[PDB]
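Visitor: Here's my sequence, what's the structure:
(6 chains)
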Amino acid sequence: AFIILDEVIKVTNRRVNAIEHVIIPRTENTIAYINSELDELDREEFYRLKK
Amino acid sequence: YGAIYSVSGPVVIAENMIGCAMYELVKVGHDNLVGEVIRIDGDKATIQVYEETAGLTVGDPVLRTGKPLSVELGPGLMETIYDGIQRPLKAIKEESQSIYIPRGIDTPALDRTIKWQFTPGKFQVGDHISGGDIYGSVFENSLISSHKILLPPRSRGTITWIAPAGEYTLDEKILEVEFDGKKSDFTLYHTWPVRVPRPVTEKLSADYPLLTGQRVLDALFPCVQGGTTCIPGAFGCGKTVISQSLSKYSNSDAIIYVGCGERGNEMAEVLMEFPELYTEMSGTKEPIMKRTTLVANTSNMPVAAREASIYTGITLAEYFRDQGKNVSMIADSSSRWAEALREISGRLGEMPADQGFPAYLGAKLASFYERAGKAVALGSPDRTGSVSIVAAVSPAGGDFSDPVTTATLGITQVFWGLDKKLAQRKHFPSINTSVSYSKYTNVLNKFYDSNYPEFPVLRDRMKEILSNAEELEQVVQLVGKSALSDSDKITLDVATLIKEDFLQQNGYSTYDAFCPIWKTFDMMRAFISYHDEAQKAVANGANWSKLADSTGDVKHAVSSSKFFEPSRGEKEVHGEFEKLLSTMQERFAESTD
Amino acid sequence: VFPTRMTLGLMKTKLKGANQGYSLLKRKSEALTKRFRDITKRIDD
Amino acid sequence: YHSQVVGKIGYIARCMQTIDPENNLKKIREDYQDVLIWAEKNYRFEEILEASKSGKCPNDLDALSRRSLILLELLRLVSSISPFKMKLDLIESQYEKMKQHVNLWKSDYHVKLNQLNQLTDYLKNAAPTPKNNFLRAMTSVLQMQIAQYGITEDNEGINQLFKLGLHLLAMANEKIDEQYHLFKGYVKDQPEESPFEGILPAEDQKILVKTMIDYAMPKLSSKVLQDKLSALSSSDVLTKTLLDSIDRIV
Amino acid sequence: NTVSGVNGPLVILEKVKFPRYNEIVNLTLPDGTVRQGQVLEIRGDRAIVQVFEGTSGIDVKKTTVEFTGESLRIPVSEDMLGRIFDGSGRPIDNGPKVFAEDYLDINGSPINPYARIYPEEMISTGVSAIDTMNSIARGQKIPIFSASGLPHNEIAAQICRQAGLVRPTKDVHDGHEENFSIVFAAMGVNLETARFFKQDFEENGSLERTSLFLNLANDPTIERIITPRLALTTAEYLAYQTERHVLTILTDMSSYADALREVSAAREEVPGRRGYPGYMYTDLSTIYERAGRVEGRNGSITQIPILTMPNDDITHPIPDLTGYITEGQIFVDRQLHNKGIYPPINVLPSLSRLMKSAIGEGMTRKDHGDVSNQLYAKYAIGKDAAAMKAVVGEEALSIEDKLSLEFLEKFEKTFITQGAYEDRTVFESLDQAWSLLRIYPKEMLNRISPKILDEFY
Amino acid sequence: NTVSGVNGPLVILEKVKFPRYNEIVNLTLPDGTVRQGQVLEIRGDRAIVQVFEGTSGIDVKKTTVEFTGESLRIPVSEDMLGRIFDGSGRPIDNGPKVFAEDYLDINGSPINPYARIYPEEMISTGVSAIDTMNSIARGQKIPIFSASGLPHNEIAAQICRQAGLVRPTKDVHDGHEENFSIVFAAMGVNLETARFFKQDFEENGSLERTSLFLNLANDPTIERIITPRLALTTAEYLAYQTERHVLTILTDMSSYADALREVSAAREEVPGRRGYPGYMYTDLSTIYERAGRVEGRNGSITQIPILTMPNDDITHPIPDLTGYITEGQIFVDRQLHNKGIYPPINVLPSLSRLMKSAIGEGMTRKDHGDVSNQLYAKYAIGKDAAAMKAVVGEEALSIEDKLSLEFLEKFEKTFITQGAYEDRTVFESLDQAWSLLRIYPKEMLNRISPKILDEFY
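Guide: Numbering: from 1, shown residues only, chains lettered A, B, ... in the order given. Dropping the coordinates below:
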C-alpha cells in the first residue's frame, strides 16, 4: 500500500500542476478575445444604423 | 472639362461631368494627380484621389482621358520596374532624382526612348487575323522572345499591309487592319483596361505539375499550373523569401511580381536580389530579372496603384498567358489592397460589412481569382498557357477570423499553413497537414508519381505521422512521457527531423538552393525508412538511445543536403541519400542483435 | 479561423470545471501526501 | 463568338495550307474541307460570321480549339523534324493515332516534341561549342530517328538521346569533362560503327573529331603519343575506334 | 430614359414611374455594348436598377436607357437537359438562348404548388453515413454544412458526381417511380471548381440527364441570386410538367450571402447585423419556396444546398437562417479531412426530427433511427471520453468510455471512409452500421427498444 | 470668415470654398491666444478644419478666422540640435527658434528619399539579444513592445542610452562612416517621464546630439499627431543634407493611435475594428514609409518606436499593424523582468522578415546569422523544455530536456543579463553565444553546418 501511494503521489502531483497550469490561459484569452471582438462587432451595426 | 466644387478629405467633387464613366482614370487639378470616378450623383461626379496632395485648390480643372485606367501590353515590360498606375519608376528616378513617387508627377505609360527588334511571324498579305493571334515577336531575352507581338482583344479583319523585320519604336505603327473600310492602324504596343477581364479561347482542368522549387512546398502539397493558393500568418513568416525563391527557382516562362504595399526595403532587396542571382532553368545574362516583372508599391504610396496593382498584374499575367507562355503570379499581399478598399469605403462614407471592410471584397477577390487559371490561349493559333496566382493573406488585428482571410481561404482551393511556434525556430513557413490542404495533390501525385516519383506512399505515411505528432506532443505535454511508448518518441523525433529538414529554409552557411521533387523524395523515403526501421527495430528489443545514437551523421547530412546544389551525379536519385538506406539497415541490423 | 459566437459559454464551464478540479486534485494530493508521510514513518517503524 | 470561330477557321486554313501545300494529306485534309472551303475563296469576316451564325458552318469553338490545336501540334511536329523528311502515311497515321486519344497534351508525344523544341530552341540561339555540336548532332540523329520511326513507338534510342540531351542541357559551362565523357559514353554505347554518318554532314563530325583531338592533344607529353593521337585526326567521321584508340593512347 | 447618376452596381434613372417592380430594362452605353438589368426598387419620379453584367461604361448624358416591357423570366422547355445553357445572355456557355417553349417567372407568379404535400418515398445518393445518420426523403431540404478550411468544393463535386448513378439503384430500390432529372445551379463560385464538376459530370456519363447553369463571379449579385430562382423554376417546371423527380444542387450559399450583403447600397433599405440585410430570410426562403412535393402526386422536387461557414461558427446568418427553413443539418468534420477521409462529417450536432415519418416501407428498415441515436450517443460519449481522457489521462474514462472511444475511431474510419463515385443501398449501410455498432454490450445501451435490439444487434 | 460651431477637437466654420486643401489657418479668439489649424475639408458655404492647439472655449460669433495662403509645411534646418521646443509647428514654450532654410512637405512623399536597394550593415545598440537575435542594421525599423506592468519607458531610455554610446565604438570599429543624430519626440507623455529621459540622455551623452520634441497631455491629439511629420522631416532633411545616420524614437504609439482613433466617431466617417478609423494603416504607413537609406549612399533613417499595449492582448490592431508594417519585432516579457533580468527582452516571439539583409557581411562574421538562428532555435527548445519542466519536471523529462533547460537557463541568465550603460559587440556576442551553445551535443546540432560547427566545437 505504501508503494502504491508513493506511486500515485507522483501522478497526482504532476496532474495537479499540469491541470492548474494549462487550464486557465487558453479559455481566458480566447474568451476575452471573443468578447472583445463581439463587443465592437455588435456595436458597429448599431453605429452604422444610427449613422 | 469639369470644375472642382469642393474637396473634403481624400475624395474630391467635380461638377459639370457628364461624359465621365465609372472607374474612368482622369487627372484632377493642375498637379496631374491620379484619380478615378467611384460614384456620380447628377452633374457632379465624385472622384477619389489616391495620391497625396496638399496644394489642390477648389476650382481647378479636371482633364479626363476618355477611357478607364489600365496598363500597356507590349515589349519592354521585362527588365524594368513600373508602378500600379502604369508609370515608369526609372524615368522618375533619373529625371526627378527621387526613388519614390513625388507629390505630383507625369510620365508616359512605357519607355518610349528604347527601340526594339520587331520581326514578322507566319502572317502574310491577304490572310485573316483575329485578336490574340501571334502576328510577330520581339526579341528581349537571350534564350527566347518573351514579348510576343499580338493583336488587341475584340479586333479582327484582314491584313492589308504587313511591316517587314527591323528596328522600330512602340509609337510607330507597323501593322494596318482592313475590315469594313479604313478602321485604324495598329502599333507594337496595345492598350487594355484594368477593370475588364481579358477573354480566352477555352478553359482547361488544372492537373499539370508546377515545379515551384521548394522541397517543403512540393513535399507536403505542391500546387498546379493554374490553381489558387492562400497562405496566412503574422509578420515574419517568409513571404518575400518564398516569393523570391519561387520566382528564381520557378520553371515557368514568365514571373509576375505584384507588390500591394510593403515597407520599401523588401522591394529593393527583391529587385536587386533578382538579377544578382542565377536562374536554374538554363539561362544567363540576368535570367531572373529579364523574365520577371516587378511592380513597386510602398506603404505610403497611392491607393489607386495598390488597389489596381492586382488588376494590372492580373492583366499583364493574362496577356502573357494569352501570348502562349506559362506565367506564375506571386503577390504579397492582398491585405494591403483590402485595407485600401476599406479605407476608400470609410472615406467615401459607404456602409461597411465587418471591421471597416466593404462587402465588395468577396466579388473583387472572386473576379481576380476567376480571372486567373489554366486554359487555352486566346487567338487563331490556339497556344497553351497557364496562370498560377499565389497570394498570401494577413489579419487586420491579429486574428484569422477576418473576412479577407475567411473569404480568401474559402474561395481558394489550396491552403498554405503557418505556425507561430514553428516560426520561432527558424522553420517558417512550417506546416505539414494541420494548417494546409490541397485538392490537386491526388492528381499531382498521380501524374508526377507515374514514372519517376513514388511520393504518394511516403507523403501519406508522413502525413499520418505528422498528424499523429501533434497528438503525441499534446499527450506528452499534458500527461507526460511515462505513458507514451517508444513508437511515439520515434515518430516525434521523425516529425521533428522532417519538420526541421523540410520546413527549415534558412541555412547557417549560405542560402538554400533549388530542390526538385526527386531530391525531396529521397529525403522523405529516407525518413520513412528510418521511421519504419526504428519502429520495427523496437519490436524485437532495442533501446531508443542506442538507435538515436545509431543514427549519428544521417541527421546532420540530411540537414546539409538542401544547401548543396542539385545534379551531383543524377537528377532523380542522389548518391548522398543512398548511403542512409544502407546505414539505417546496418544500424537496424546491429540494433536488433 | 476560429468560432467567435457562442464560445465564452462553452469555455466558462471548462474553466469552472478546471478551477474545481485543481482544488480537488490539490486536496487529494495533500491527503495522499499526508498518508504517504504516515505510511513512510510506519514502514520504517 | 462567331469571330473566334472565323479566326480559328482562317488560322486552321492557313495552318492547313502551310502544313502540306502538295496535297498529300487526304485523310487530314478530308476532315478540314469545311474550313478549307471558306478559306479557298475570298470572303470577308461578315460573310463567315453570317454563314456561321445561320447554321451553315462550324460553330463549336471548343471542338475547333482542340481540332486546331491538333493540327498545330501536327504542323509543329512536322516542322520540328526538319531538315529530315517524314512519310505522309506516317504523318497521317501519327495524326490519326494522336487524334484518337482522349488527351492530346497528356501523353509523352507532346513531351517529346516539347523536349525536341527546347533542344532545338536552346541550340538555335547559341554559339558553336562542343556541347552545342554534340547536342546538335544528337538532335539531328534524334530528328532523323524521330522522322523515320515516328513518335508512336517508345524506342530506347529516342529516350536515351532525349535523356542525354536533357542531361547535357542541365549542365553548366564548367563541365566540359562531363560533357566529353557523356559524349564518349553515348557514342560508345551506340551499336553502329558511326553515330553521325548518313544523317549529319561530314564537317560536323570533323569538327567534333578535331575538338576531341584538340582536347586529347594537350594532355599528351610525348612525341610518340602526340604522333599516334595526331594520326587519327585525318578522318572526316566520328567512329568508336577513334575514341577507343584515343582513350588507350592517353 | 436618361440616367442621373451611378453609385456602384446600382444606377439611378430620371423618369416617370411607368415601369413596375421587376421590370426588365436595357442600358445603352457609348462603347457599343448593351446590357440588361432588373429594377430592384421603384419609387415616385425615380427608379433604381442593377446591372446584371458589369458596371463599367455608364455615363450620365452620353448614355441612355430603355425599358423592355417584360418581366424577368427564363425560358424552360423539355430539351434543356443534355446541353449547357445560360440565363444571363453569354456566348461562352454553349449558347445564350435556351429556346424554350414555355415562359415562366423566376418567383413563381403563375403557380407554386409547394409546402402543401408531405414526403412519401425516401431518397439516397449512395452514402451510408449521410443517409444512415439522417433520413432524407423526397421533398425534404437536407442541407450539407461546410466550413472555412476544408474542401467543400470537393464534397460538392462528389455530390454532383454521385448524381445519375443513384437513379438506377433507386428504381430497383422502389424509391423512385418515374424519370430522374438533375438541375445544376452555380452562382458566386469560381469557374475552375465548376469546370471540374462539369468534367466530372461529363466523365461520369450523367450529363445527358442533367442541366448545367454557369454563373460567373464577376457579374452582379442580382444575377447570381436570380439564377437559383430560374434553376428552381426550371426544376419545378420540369418536375411538375413531366411528372419526374428533380434533384437540384445550389452552391454556394456564401456567394449568395455576400452578394446580398453587397446589394442595397443605394436603396432605401439598410443592412442588419454583420453586414447582411435583415430581409435575408425572405430571399433565402424564396429559393426554398420552390422545393417540396408537387400537387396531385406529380413527381417531387428535391433541393440540396451547399453552404460554407466563413467563420466556422453555427451562429452565423447563413447557417442559422438556413437551418430554420430546412430540417436539421449535416456538419462536416475539418479534422477528419486532414487525416485522409472523405466525406468527413459529425453526428454529434447533426440530428433530424422528421427522419422517422420521412422513411417509408419496402425501401428501408424501421430500426434505422434507433441505431443512429445509439451511434450518435456513442460518438458523443467517445468525444467526451476523449476530451476528458485527454486532460487527465486514463483515469476518468470508464469501460463504456473506452468502447465509445474505440467505436468513434472505428466508426469514423470505417463508415465515413468511402469513395467519391461508389454507391450502396440502405440495407448495406444498415448492415454495416449494425456490424460496426457491435462494439458495446446490450446492458449499457438505452436508445433502442429491447425487441428490435434483441432481434438485430 | 467665422466659426459656425465646435464639437470636440474639430471646429466647423462657415466660409467660401476658395481656399485649397491643407491650407494653414489661424483662429483669433478674444482671450488673446492664437491657435493654428489645418483645413481638412472645403465645401460651398461650409468647411471642416481641425485645430492643432486647444479643444474647447471657441466662440461662434466672438471668434474670427484668417487665411494664411500657404500649404502645410514645417521649416526644417540643420540647427535643430541643442534646442528645446515642442512639436506643434512652432515653439509653444518660447524656447529655441524652429526656423530653418529648407521647406519639406509632410504629406508622406516630399522628395521620395526611400532607398531602392537592400542595405548591408551592422547596427549596434548595446544589447546582445537585440543585436544578435534581432539582426538590425542601417535604415531598419524595429518596434519596442511593452505592457502596462513592465517599465517600457525605462527600457526604451536604457536602450536609447546604450544605443547612443554603442554607436561610437562601432564607428571606431569601422561599422559606419558618418556622424550620428538623435531625434526625440514625445507625444502624450508627462513631464516626469520626459525629465528622466532628458536626465538619462544628458548623463549618458550630451544635449546637443538630440532634438527636443515635447508633447503635453492637456493638448489636443491633432497637435501631438503633427510631431511625427516634423520629426520625420527634420530627420530626413538632416540625414539627407549632411549624410548622417538619424535615429528617431517615437513614443508613444498608443497616443498617436489614440488621437486618430480618438477622433473617429464625431465625424461623418465610419470607423473600423475596435473603434479605430479605417485610414490608420495609411497614417502609420506614412510614418513608416519614410525609413531606409538616404540619397547619396551615405545617409540612413532608423526608426525605434515605443509601443505600449492598452489591453495586454494580441487582438489590438496597433501591435499587429505596427509589427506587420515594421521590418522588425521586439517583444518584452514581464516574466523575465520579474525574475530579475535587465533588460527583459524576450527573443521567442521576436521574428523579422529581413534577417538576411539586416545581417552584416562586410563588418562582421558570416556565422552571426547561423549562430543567431541556432541560438534562437535552441532558445525556443529551451523554452519548450522549460514548459515541460513546469508541467512534469522530473517525471517525464529526458536528457535532452535537461540539457536544453540548462542551456536555456545559462543563456537566459548570461546573455540577457546586463547593466544600464555598458555596451557589447557582435564579436564578443558570437563567442558568448558559442560558449553557451558549446554545451549542446553534436547529435542535436545538426541544423548548423559541420564546417562552422567543427571550428567552434
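
Visitor: Please make it C-alpha for all contacts and neighbour counts, starting now.
Guide: Fine.

Visitor: any idea how far the residue of chain D found nearest chain E lies from residue D:49?
Guide: Using CA to the nearest CA, the closest approach of chain D to chain E is made by residue D:1 at 6.0 Å. Distance of residue D:1 to residue D:49, computed by CA to CA, to the nearest Å: 9 Å.

Visitor: Just want to know which of those two has more residues nearby.
Guide: residue D:49 (20 against 17; other CA atoms under 10 Å in any protein chain shown).

Visitor: how near is the closest residue in space to the residue of chain D closest to chain E that isn't next to it in sequence to residue F:416?
Guide: Spatially, and ignoring its direct neighbours in sequence, residue D:1 is nearest to residue E:91 (6.0 Å; CA to CA, 6 or more residues apart in numbering or on different chains). Distance, residue E:91 to residue F:416, by CA to CA: 69 Å.

Visitor: Pick out whichever of the two has more residues nearby.
Guide: residue F:416 (21 against 13).

Visitor: And the host helix or strand of residue B:405, what's buried?
Guide: Using DSSP states H and E, the element containing residue B:405 is helix B:403-411. Buried residues in helix B:403-411, counted by 16 or more other CA atoms under 10 Å in any protein chain shown: B:403-411.

Visitor: can you put these in TSV and add distance to residue D:229?
Guide: Listed next are these as TSV, based on distance: CA to CA, whole Å:
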residue	distance to residue D:229
B:403	76
B:404	73
B:405	71
B:406	73
B:407	73
B:408	69
B:409	69
B:410	71
B:411	69
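
Visitor: Among those, pick out the one closest to residue B:102, please.
Guide: residue B:404 (30.9 Å; CA to CA).

Visitor: what's near enough to touch that closest one?
Guide: B:335, B:338, B:361, B:393, B:395 (CA atoms under 8 Å, 6 or more residues apart in numbering or on different chains).

Visitor: Just to be sure, the second one is in a strand?
Guide: No: residue state for residue B:338 (DSSP: H, G, I helix; E, B strand; the rest coil) corresponds to helix; a strand is not indicated.

Visitor: From the chain's centroid, how far away is the longest helix seen in chain A?
Guide: Counting residues, the longest helix found in chain A (DSSP state H) is helix A:24-50. Chain-centre distance of helix A:24-50: 17 Å, with CA atoms, centre = their mean, to the nearest Å.

Visitor: Need the max-distance pair from the buried residues of helix B:403-411.
Guide: Maximum distance among those (CA to CA): 11.2 Å, for B:403 and B:411.

Visitor: With secondary structure, distance to residue F:307 and neighbour count as extra columns, can I get the contacts of residue B:404 in a markdown table?
Guide: A markdown table is the format used below for these (DSSP: H, G, I helix; E, B strand; the rest coil; distance: CA to CA, whole Å; neighbours: other CA atoms under 10 Å in any protein chain shown):
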| residue | secondary structure | distance to residue F:307 | neighbour count |
| --- | --- | --- | --- |
| B:335 | helix | 22 | 19 |
| B:338 | helix | 25 | 25 |
| B:361 | helix | 31 | 21 |
| B:393 | coil | 24 | 24 |
| B:395 | coil | 19 | 23 |
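
Visitor: from these, which single one is nearest residue F:178?
Guide: residue B:335 (38.0 Å).

Visitor: Quick check, that closest one in contact with residue B:397.
Guide: No: using CA atoms under 8 Å, residue B:335 is not in contact with residue B:397; the gap is 11.4 Å.

Visitor: where's the closest residue to residue C:8 other than its chain neighbours relative to residue B:205, distance?
Guide: Among residues not flanking residue C:8 along the chain, residue A:31 sits closest, at 5.1 Å (CA to CA, 6+ apart). Look at residue A:31 and residue B:205: by CA to CA, they are 44 Å apart.
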